[PDB]
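Q: PDB entry and its sequence, pasted below:
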Amino acid sequence: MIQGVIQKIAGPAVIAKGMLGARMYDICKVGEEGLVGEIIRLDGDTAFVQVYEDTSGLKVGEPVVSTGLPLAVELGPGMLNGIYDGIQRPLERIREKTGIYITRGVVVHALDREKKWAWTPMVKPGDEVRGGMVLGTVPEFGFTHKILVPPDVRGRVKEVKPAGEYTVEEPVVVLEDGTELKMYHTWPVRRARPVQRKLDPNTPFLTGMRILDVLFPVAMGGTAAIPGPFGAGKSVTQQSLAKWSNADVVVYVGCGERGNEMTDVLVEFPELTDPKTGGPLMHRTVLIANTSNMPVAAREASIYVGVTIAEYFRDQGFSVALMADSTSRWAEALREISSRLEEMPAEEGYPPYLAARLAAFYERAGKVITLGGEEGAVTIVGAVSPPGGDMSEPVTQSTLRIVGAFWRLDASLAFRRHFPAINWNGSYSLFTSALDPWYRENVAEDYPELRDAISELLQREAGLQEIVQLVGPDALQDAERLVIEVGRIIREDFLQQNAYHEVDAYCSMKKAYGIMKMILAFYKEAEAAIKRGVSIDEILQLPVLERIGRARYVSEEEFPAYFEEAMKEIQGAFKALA
Amino acid sequence: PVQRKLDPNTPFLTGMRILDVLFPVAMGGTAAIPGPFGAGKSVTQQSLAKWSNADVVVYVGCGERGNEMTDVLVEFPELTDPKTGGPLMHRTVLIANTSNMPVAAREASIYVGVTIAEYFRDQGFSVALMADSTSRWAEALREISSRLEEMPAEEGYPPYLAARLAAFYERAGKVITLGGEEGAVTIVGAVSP
Amino acid sequence: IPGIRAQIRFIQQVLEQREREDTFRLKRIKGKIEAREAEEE
Amino acid sequence: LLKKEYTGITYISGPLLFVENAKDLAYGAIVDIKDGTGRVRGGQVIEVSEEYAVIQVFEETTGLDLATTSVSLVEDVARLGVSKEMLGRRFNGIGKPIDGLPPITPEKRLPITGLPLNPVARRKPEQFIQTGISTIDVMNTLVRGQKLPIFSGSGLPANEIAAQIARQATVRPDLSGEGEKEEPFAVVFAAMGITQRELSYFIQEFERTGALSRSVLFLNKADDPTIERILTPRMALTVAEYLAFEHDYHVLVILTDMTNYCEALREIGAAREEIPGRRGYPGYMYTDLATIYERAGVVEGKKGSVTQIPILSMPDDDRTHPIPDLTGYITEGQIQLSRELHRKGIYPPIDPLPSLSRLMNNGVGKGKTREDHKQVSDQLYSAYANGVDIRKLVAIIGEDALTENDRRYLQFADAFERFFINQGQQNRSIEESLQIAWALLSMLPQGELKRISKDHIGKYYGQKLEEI
Amino acid sequence: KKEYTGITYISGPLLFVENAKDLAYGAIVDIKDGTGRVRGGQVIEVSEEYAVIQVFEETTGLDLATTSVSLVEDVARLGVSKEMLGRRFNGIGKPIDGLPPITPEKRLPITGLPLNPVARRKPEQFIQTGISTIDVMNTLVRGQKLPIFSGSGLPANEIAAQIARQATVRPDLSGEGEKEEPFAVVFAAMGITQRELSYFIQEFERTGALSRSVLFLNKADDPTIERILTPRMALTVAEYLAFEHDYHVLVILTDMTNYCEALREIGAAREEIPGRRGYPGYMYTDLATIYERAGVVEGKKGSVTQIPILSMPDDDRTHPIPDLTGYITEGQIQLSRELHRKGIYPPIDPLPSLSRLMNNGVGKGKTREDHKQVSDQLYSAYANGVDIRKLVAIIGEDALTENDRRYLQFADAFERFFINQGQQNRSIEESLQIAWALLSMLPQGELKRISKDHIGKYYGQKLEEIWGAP
Amino acid sequence: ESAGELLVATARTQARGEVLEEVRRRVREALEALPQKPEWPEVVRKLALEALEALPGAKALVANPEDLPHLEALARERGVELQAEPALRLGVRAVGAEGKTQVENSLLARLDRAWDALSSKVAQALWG
Amino acid sequence: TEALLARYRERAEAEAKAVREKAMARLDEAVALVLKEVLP
Ligand SMILES: Nc1ncnc2c1ncn2[C@@H]1O[C@H](COP(=O)(O)OP(=O)(O)OP(=O)(O)O)[C@@H](O)[C@H]1O
Ligand SMILES: Nc1ncnc2c1ncn2[C@@H]1O[C@H](COP(=O)(O)OP(=O)(O)OP(=O)(O)O)[C@@H](O)[C@H]1O
Ligand SMILES: [Mg+2]
């Protein structure tokens, strides 16, 4: 390879010499300990390398070797049920190797080289192959993992390996051009994987929660954002997203969280069991963890590694949910790295290219037709934590400029035991218009109008909150009091949802449609009753209200009969009773 | 060069009630009219050009829209000279340097216009000058200073900006010309903060 | 309240602009000194 | 011709690389950089001297080295091949087709840098445009040759308004007395860091309308390299000028997001180590934006036209942010959407108070439209402003403390917001918009109509608002 | 004794030494002038032509002709042992108590390595600090980072000394596994003056807490690099003790603001470009490298707990120092200047404080069972009484609702009895007795946050501050 | 309705592209046979003269071994060398004095560099 | 309907084949012109 020696050490930056021919942004190993570094500047016979780890004890004259390749991840079987650091290093192997502390210079393979796999060939000798086609299938935790030929490789099959047990490193298929294709391939994290075409978002991304699904929906392949106020249930919402969503594989990234929060997420997850199979939820998750004291470069590259893994799984033909825990900490890492480079600050110290990086990261999400002709999609839900709850902060300004939905979390509602504590003011979704045809074809032909009526009812309640604060609910006119009572009914029977209940945690579209239809029918009946003469407190005690209050906690297959009974009770109750 | 400078004891009729009454300007005085975009600096200066008692009007389009000069060219020849009664454009000199024209010419346009105004003053006329925007001249100075690798002072402007501005504004004033005749120059400049 | 919030934002923007200008001047003079020391020798 | 290769690369860092002995490169020339792996990427000379030359790379410098990389000259100045057969074609924002069709045969090669139009060669814009939006047609009249950007926000539907304007744009020759029926505008659509959602919406709307036959799209997606975003408006404007002034087309030019263009310019300047502006932006941003905006207008002695509708998002809705601040100093007026009207469900959420049109006096009046137009617009401005300040007063003292005239102004403001501004997707005639305006103005006594002459009041005042 | 000569440039704190390719980056060197005086130094940049060394102290008598520089250590290391308890140090491990030097069992690099995240386990046990406001409403859990936010003139040092004197574990309340483990306290003081040093010495000596404490004392006039290095020394010693000899360690760091100022000075010394507000851009990483060295480890019985102490410069929580501290840590303790001026000690303000690990370290099997409900009810009642205190001044006391007078009395009693505990030490059960006694002032049925069985178990008691809760 | 003429436009465009690539591949085939044409020794000297005049002060010249005997007389009178090379088919390359600048002159590269200009001429000739 | 789309497909095919037949009479002349121009 290209080899040189150290000429000057000053902090994390090391100057090499004798490295004529080294390529930019390629990973270099500096010193006898093999510390990895990245080239940032070339001039003359000198390369400028940025060491990831600490450089104490190094001396001028130590060897420097360039690997000749940039930063990249290994793509193949065995990435499920795993925990990875910022640059895809298995933490469990590191623990079994160096104990409880992380030593500098540890070398491990992201994909275990010792495990056997049951190879199942799909191709035949003499076949033409092109990047993206399936070469075989390997079973993994109830999944049919398809080995994909690398995207750029095009050629003809020469030799195929019979079905049996083989390791990852063993070459399985050899092409007629002399190229050897094996169970895993490699991809640079900063180049997006190619696809045939990006389809528009036309189907919902079922998050399992009524408020999210009906009022601020996000489509498959869309993007979302969510603040992280303490004590608002953000972790519970993210766990429910991982558990109850449509996504076949879940990817979670920790990009600069506290040590104890990372311990919490790494302890909760093993005890979770998905409703699909009853097996451990960890069998569908890939955990990328980073604490604040870890090297900055790994924290910077964690999101790229995660999104590249999600792209690989999408190319494999799945639907993937990708969660970034706090892009604010990643932005802080990026700002620190930019400060190391002596770059002129743009705004609030942040580098000028931050918006471009955020847009480029968020664009990798979407629904596509893969190179193999299958269908896959990736959805990104990235949380942003402003300094003091201020949305004028540049990171939130950039993110809200490109995302398709926003979920304003709030601590005040959680303080009032309303869960999930997501405000209906400031929150907005841009996917409703595109989802309206799908809703008409799928859930009901009138669902958008029902949702609009619900939204208008909420707005009517919000339009007079000042008078009730001034006067009080007891001393009000019949119309205003009925509006506010129906609003409270909505809030505590359709928007709230219990995460720990056995049958209330997950809600389909038909269940919410029934809830909304019942609410609207009750409201129109109450208006007619007032028109023909009735008191509000007479309305409060009808059994239909107690029936709607128990409209939750019913079986999803028992919902049709319960809904029919509720509708009949609503229609009949307001004629027998005033 | 001039022979002697006199105090301004004659008003400069701009034709606007508020400016002619509340905040008057003299024949040899200087005025500054800053404001945001859409405030109406250009409209005010064009109205001054159309309705004023000055003998000759010099308009400098330093770094502004070309349509503004095009409309002036199209519409002035049909107007009436307030004093002599002839075509209005017969008394107007236009120096136009639009925004997409070379940047370094903004600085030269100001000096060319003010020199022409000084010449017409030396002839014995009462000349009014309108500078469309001195902020664009300041931007050109800043760009040149950046090319010279000078040290910035305030918002990147070179430290000698105020000296240039004072030198430009001090060419105005009612004087006795070297021929013994009387003349004056009135400078009204717009600023785009 | 809105007037106070606007004034606070105005003052913050002015302070940040002044800090940025100071940093730019410092880096420019540092680069000039580094040039005279290394390229000129 | 023959190609000359320079391999004396000395220094690579960030987006810039230095070639040692390439004395013969013209300033601003385009070059192609070839690595050891055979992949060729673009570039442009930004500074050349005897000692070396400075070439800025159009994309990332990953994979480049000082040993085997070589640079080849392309041309002295960036040029573009144009033709009439460009209509219905699609490009990647640098001049490369993406629609899968073979490359076009050039009619000419013209510089994307353009040239300053001679002011004496210009002619004053005169032609009324009927967009079908009352808040625009009546009060902020748009004229062919005018550049009228749109000031919006993150969630505000600026793209929808632009698409509606493209769908409904017409010239109405009958009112002006021309009598000449004219072909519809050719629409040049330029994208800058656009998302897949917005791009899909634009493509689907243009397909449904059927305007793709007359449209040229330069698509620079959000994941496309940022340095290439600089050129896309320049190429779009070059094509638009060529069409309008050599084939007598009437062109409408749409620029999706100048905010991305300004941010890319800021990044390039910060790499270049220039003097910052007010918020880290380069100090020459005014001239750069002018070189793009000034290319619209009409030309004396020719029949074509060019019209721009740039779209930009104000950071944090700040009208004093350098992007809208510098944009407003060049363009003849702007349209600012208000988040409050969007919250109140009004569409389009156009706020008429901070909006302005600087060419309305050219294409409005006797012989072009109804002669009462300007007075009606001015009176509407006055009445709306008084109503809004009365509304601000009401929140303090309560409703009951109002007088009758102030209550009447409040009622007029509410009716204005609920009827005039709010029209949805429907298309309104200019006469219908004037009728609605007069119906609203009927709510006030004849003593209050100070701005309007007696004759127009006598001719048009007295009708009811119940017509709609 | 590989020692170099040939100084070529001295200016301020830096000096250049040529032909020193053997010097390692970050090594510690000794600078000797012609008179035999030896100054310390650290190598900050190594190049082929010369190496750059930053002097610890001033350079009054140095010169280019007779100066000599010799290596000491490739990387900073500190000898550690189980017998460091009861000793004082100047911040670089040099003893200052006049006793003979210790025996180094091993030498450890002070720049500790990060913990493996999969090795960590959830904090589950609390610590009795002896202060009611902290032990009851803002419980500190073993493995937490709970900074104490203080003002300028506020007496934080007294609180630090009181905590160091009164902190202890409560293995009795764990029910099962009733056997105590060794406890130790590591004290780090940065940028203190002579009077504060004397006060700390006297406080640690009069009571006898020195027998279970290790002190790292660095003065304001001492070299800056020593101030930078001191917290790393303290945390290295704490980690060694806790994770080798099964010790429960509590580390108190004083005036992280002084550490931040020293970091700013050093960053400006290395000719590094200042970041936002003049502080280094790598400040977040540097602070994380200090805070994140505490926690609990699977398979080990020891622990390390940190209580950073910092004073907000202009009382601005948006100042970068407290802002980044809030990003990294798990709560804060707020000192109220009004409480200080009213004669209440310790002047802890319960409303703006928070403990984010509080819920997971209290309850059944850990503390008295009714801890969380009592804490919530006390917080709500105090917050409700505070606003009535202000509304009385305008609407009058006679115009209050009957419950409002009770809330007034409750707020006054809470201030005069719960917060204002003086120098006395309180058990957790005594603090909860005081809390229940104070709650008994309110009518029953106004305690929405407490379960009925707990009310029946613990209601009906008069004030115990006078009694002392026997 | 407009989609109907979309197919017409796409079909005509693809047919035009097919015939234009037919023209380009035919001229590519013809030019590769030009070295076999006896006029090739008469054109190699013109090519090398152009390459050498385009780079004042060139140090050496590179060409195929088959063409070296014809260029040998031209090299000495200009005071330059001549280099044998497995590559550089049907062309010559002029290297600079310092070894950093090179000038390439072959017929096939000229074809690509002139196709953009001459595409309009070819289309007009086909469809005049 | 589908009849219109099929008719437009057939007219497109007719136009494309007519263009090819038009260019088949001067393919050789185009080759001669380009070989003339690319030759020095
Ligand atoms: N949807 C929900 N249904 C029921 N309980 C909920 C729900 N969301 C949150 N909770 C309650 O809140 C607890 C955790 O959420 P909490 O409000 O404490 O904030 P959090 O997720 O820890 O916040 P953050 O990650 O922002 O610090 C749960 O254990 C439960 O008691
Ligand atoms: N005195 C006036 N009478 C009528 N309209 C006016 C007047 N002043 C300004 N306007 C209006 O202002 C607009 C033109 O303003 P103008 O171009 O003069 O602004 P400006 O302050 O010079 O801006 P810029 O600095 O951006 O060039 C038109 O809409 C015009 O109707
Ligand atoms: Mg103007």
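A: Looks like it came in fine. Numbering: from 1, shown residues only, chains lettered A, B, ... in the order given. Ligands and ions are numbered 1, 2, ... in the order given.
Q: How many residues are close by residue D:337?
A: The tally of other residues near residue D:337 (other C-beta atoms under 10 Å in any protein chain shown) stands at 23. (Each C-beta comes from the backbone N, C-alpha and C, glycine too.)
Q: what's it in contact with, if anything?
A: Going by C-beta atoms under 8 Å, 6 or more residues apart in numbering or on different chains, residue D:337 touches D:150-153, D:156, D:158, D:161, D:348-351.
Q: Of these, which is the nearest to chain B?
A: residue D:151 (11.8 Å; C-beta to the nearest C-beta).
Q: Skipping its backbone neighbours, what lies nearest the residue sitting nearest the centre point of chain F in space?
A: Nearest to the mean C-alpha position of chain F, by C-alpha atoms, centre = their mean, lies residue F:107 at 2.0 Å. Of all residues not flanking residue F:107 in the chain, residue F:31 sits nearest, at 5.2 Å (C-beta to C-beta, 6 or more residues apart in numbering or on different chains).
Q: Quick check: the gap between the one you found and residue A:517.
A: 76 Å (C-beta to C-beta, to the nearest Å).
Q: So which of those two has more stuff around it?
A: Set residue F:31 next to residue A:517 and count neighbours by other C-beta under 10 Å: residue F:31 wins out with 21 against 18.
Q: quick revisit: need phi/psi at the residue nearest to the centre of chain F.
A: phi -60, psi -40 (degrees, to the nearest 10).
Q: ok, now the one 3 residues further on?
A: For residue F:110, the backbone dihedrals are phi -60, psi -30 (criterion: degrees, to the nearest 10).
Q: show me what contacts the residue nearest to the centre of chain F?
A: F:31, F:34, F:90-91, G:38-39.
Q: Restricted to helices, list the contacts of residue D:337.
A: Judged by DSSP state H, helices contain the following of those: D:158, D:161.
Q: What is the nearest of the contacts of residue D:337 to residue A:394?
A: When the contacts of residue D:337 are ranked by distance to residue A:394 (C-beta to C-beta), residue D:153 comes first, at 15.9 Å.
Q: Look up the closest residue to the closest one, ignoring the ones flanking it.
A: Nearest to residue D:153 is residue D:317, by C-beta to C-beta, 6+ apart, at 5.4 Å.
Q: now do residue A:208
A: residue A:244 (3.2 Å).
Q: Distance of the residue nearest to residue D:153 relative to residue E:210?
A: When residue D:317 is compared with residue E:210 (using C-beta to C-beta), they lie 61 Å apart.
Q: likewise residue D:371?
A: From residue D:371 across to residue E:210, the span is 99 Å (C-beta to C-beta).
Q: Kindly report the same for residue A:72.
A: 56 Å.
Q: Residue 153: how many residues sit nearby?
A: Since you didn't name a chain, this refers to chain A. For residue A:153, the neighbour count with other C-beta under 10 Å is 16.
Q: actually it's chain D I care about, not the one you picked
A: Going by other C-beta under 10 Å, the residues that sit close to residue D:153 add up to 20.
Q: What parts of chain C come near chain A?
A: C:16, C:20, C:23-24, C:27 (C-beta under 8 Å from any C-beta of the partner chain).
Q: Closest to residue A:350 out of the contacts of residue D:337?
A: residue D:153 (20.9 Å).
Q: Give me the phi and psi angles of the closest one.
A: Note on residue D:153: its backbone torsions stand at phi -130, psi -170 [degrees, to the nearest 10].
Q: so who does it touch?
A: Contacts of residue D:153 by C-beta under 8 Å, 6+ apart are D:313-314, D:317, D:337, D:339.
Q: go on, residue A:285?
A: A:80-81, A:242, A:249-252, A:269.
Q: how near is it to chain F?
A: Distance, residue A:285 to chain F, using C-beta to the nearest C-beta, to the nearest Å: 46 Å.
Q: How about residue D:391?
A: Taken as C-beta to the nearest C-beta, the span from residue D:391 to chain F is 48 Å.
Q: Isn't that residue up against residue D:407?
A: No. Taking contacts as C-beta atoms under 8 Å, residue D:391 lies outside contact range of residue D:407: 11.0 Å.
Q: Mind naming the longest helix for chain G?
A: Chain G, longest helix under DSSP H: helix G:2-24.
Q: How far away from the center of its chain is the helix or strand following it?
A: Next in sequence after helix G:2-24, counting helices and strands by DSSP states H and E, comes helix G:27-38. With C-alpha atoms, centre = their mean, to the nearest Å as the basis, helix G:27-38 stands 17 Å off its chain's centre.
Q: Any idea how many residues pack against residue D:366?
A: Other residues near residue D:366 come to 9 when the count uses other C-beta under 10 Å.
Q: Tell me the secondary structure of it, please.
A: Under the three-state scheme (DSSP: H, G, I helix; E, B strand; the rest coil), residue D:366 adopts coil.
Q: And for residue A:260?
A: Applying three-state DSSP: residue A:260 is helix.
Q: Correct me if wrong: residue C:16 contacts residue A:348.
A: Yes. Here residue C:16 reaches residue A:348: they are 7.2 Å apart, a contact under C-beta under 8 Å.
Q: What number of residues are in the vicinity of the closest residue to ligand 1 within chain F?
A: Scanning chain F for proximity to ligand 1 using C-beta to the nearest ligand atom identifies residue F:3 as nearest, at 49.1 Å. By the criterion of other C-beta under 10 Å, residue F:3 has 12 neighbours.
Q: What helices and strands are in contact with the helix or strand containing residue A:441?
A: Under the criterion of DSSP H and E, residue A:441 resides in helix A:432-442. Helices and strands touching helix A:432-442, by 3 or more C-beta pairs under 8 Å, 6 or more residues apart in numbering or on different chains; DSSP states H and E, are helix A:447-462.
Q: heading toward the C-terminus, what's the first helix or strand past the helix it packs on?
A: helix A:465-470.
Q: Just want the residue of chain C that's nearest chain D.
A: Going by C-beta to the nearest C-beta, chain D is nearest to residue C:24 of chain C, at 6.2 Å.
Q: neighbouring contacts of the longest helix along chain D?
A: Of all segments of type helix in chain D, defined using DSSP H, the longest is helix D:373-397. Residues outside helix D:373-397 that contact it (C-beta under 8 Å, 6+ apart): D:138-139, D:141, D:352-353, D:360-361, D:364-365, D:402, D:406, D:409-410, D:412-414, D:416, D:434, D:437-438, D:440-441, D:444, D:448-453, D:456.
Q: in that helix, what counts as buried?
A: Neighbour-count burial for helix D:373-397 flags D:373-374, D:376-377, D:379-380, D:383-384, D:386-388, D:390, D:394 (criterion: 16 or more other C-beta atoms under 10 Å in any protein chain shown).
Q: how far is that helix from where the chain is centred?
A: For helix D:373-397, the separation from the chain centroid amounts to 29 Å (computed by C-alpha atoms, centre = their mean).
Q: Could you check that helix against ligand 2 for contacts?
A: No. Helix D:373-397 lies out of reach of ligand 2 by C-beta under 6 Å from any ligand atom, never closer than 9.1 Å.
Q: what sits up against stretch D:125-132?
A: In contact with stretch D:125-132 (C-beta under 8 Å, 6+ apart) are residues B:67, D:137, D:141-146, D:164-165, D:168-172, D:175-176, D:297-298, D:305, D:307, D:359, D:362-364, D:368-369, D:427-430.
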